[PDB]
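Since the structure comes first, as structure tokens, the remarks are kept for the end.
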Amino acid sequence: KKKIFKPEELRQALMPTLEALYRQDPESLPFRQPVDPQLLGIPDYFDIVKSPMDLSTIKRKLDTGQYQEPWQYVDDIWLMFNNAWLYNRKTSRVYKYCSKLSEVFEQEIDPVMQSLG
Ligand SMILES: COc1ccc(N2C(=O)CCC[C@H]2c2nc(-c3ccc4onc(C)c4c3)cn2C[C@H](C)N2CCOCC2)cc1Cl
């Protein structure tokens, strides 16, 4: 159902789910900044991931009120996870850290979504 949200109320409801990802150490560390394929020596990264997303991009979008609806925020979190599972091998540390972050997110986001509508 349609609902108009104030960015300030989105920010205050959704920020805590984002801060819960940030406090996962070491599991959030790969996700805190945009993937720099050159710095990381993964030059195939942009062949595989066409919509990169990371926690700092998501935090900037919350702080500039670029999310109109909660589901847009969730879509960016899920894009970030999907990108990491897609690029990384099932056996790799970043894949497992991604899986850990998605479990934390799933537990944090369920009640916040209920409370927004
Ligand atoms: C604490 O965890 C790590 C420490 C180093 C590394 N790294 C490596 O093992 C070798 C490459 C440099 C570093 C590193 N890799 C990646 C990496 C790689 C592939 C990826 O696909 N999708 C994503 C997101 C992604 C990220 C990131 N990094 C930097 C590493 C996490 N830093 C460690 C602590 O300071 C800030 C970040 C990875 C992790 Cl999980």
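All residue names refer to the structure tokens as shown: chains lettered A, B, ... in order, residues numbered from 1 in each chain, ligands numbered from 1 in order.
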Let's see if you can do this: from backbone DSSP, list all alpha helix (DSSP H) residues in chain A, as a VMD selection string. chain A and resid 7 to 22 37 to 40 45 to 48 55 to 63 70 to 87 93 to 116
Please check which protein, DNA or RNA residues sit within 12 Å of ligand 1, counting only C-alpha atoms and all ligand atoms, and write them as JSON, numbers by chain. {"A": [22, 24, 25, 26, 27, 28, 29, 30, 31, 32, 33, 34, 35, 36, 37, 38, 39, 40, 41, 42, 43, 44, 45, 46, 48, 49, 51, 52, 53, 54, 55, 56, 79, 80, 81, 82, 83, 84, 85, 86, 87, 88, 89, 90, 92, 93, 94, 95, 96, 97, 98, 99, 100, 101]}
From the set A:64, A:57, A:77, A:70, which residue has the shortest atom-to-atom contact distance to residue 116 (chain A), counting only C-alpha atoms? A:70
Enumerate, in order of chain and increasing residue number, the residues of region 39-86 of chain A with an atom no farther than 12 Å from region 2-10 of chain A, each with its shortest atom pair and distance in Å to one decimal, counting only C-alpha atoms, as JSON lines.
{"residue": "A:59", "atom": "CA", "partner": "A:10", "partner_atom": "CA", "distance": 11.9}
{"residue": "A:61", "atom": "CA", "partner": "A:7", "partner_atom": "CA", "distance": 10.1}
{"residue": "A:62", "atom": "CA", "partner": "A:7", "partner_atom": "CA", "distance": 7.6}
{"residue": "A:63", "atom": "CA", "partner": "A:7", "partner_atom": "CA", "distance": 8.4}
{"residue": "A:64", "atom": "CA", "partner": "A:7", "partner_atom": "CA", "distance": 8.2}
{"residue": "A:65", "atom": "CA", "partner": "A:7", "partner_atom": "CA", "distance": 4.9}
{"residue": "A:66", "atom": "CA", "partner": "A:7", "partner_atom": "CA", "distance": 7.8}
{"residue": "A:67", "atom": "CA", "partner": "A:7", "partner_atom": "CA", "distance": 7.1}
{"residue": "A:68", "atom": "CA", "partner": "A:5", "partner_atom": "CA", "distance": 6.4}
{"residue": "A:69", "atom": "CA", "partner": "A:5", "partner_atom": "CA", "distance": 6.6}
{"residue": "A:70", "atom": "CA", "partner": "A:10", "partner_atom": "CA", "distance": 6.9}
{"residue": "A:71", "atom": "CA", "partner": "A:10", "partner_atom": "CA", "distance": 10.6}
{"residue": "A:72", "atom": "CA", "partner": "A:10", "partner_atom": "CA", "distance": 10.8}
{"residue": "A:73", "atom": "CA", "partner": "A:10", "partner_atom": "CA", "distance": 9.2}
{"residue": "A:74", "atom": "CA", "partner": "A:10", "partner_atom": "CA", "distance": 11.8}
Do you have the CA of residue 18 (chain A)-CA of residue 104 (chain A) distance handy?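 Distance reported for this atom pair: 10.1 Å.
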I'd like the interatomic distance between CA of residue 76 (chain A) and CA of residue 23 (chain A), to a tenth of an Å. 18.5 Å
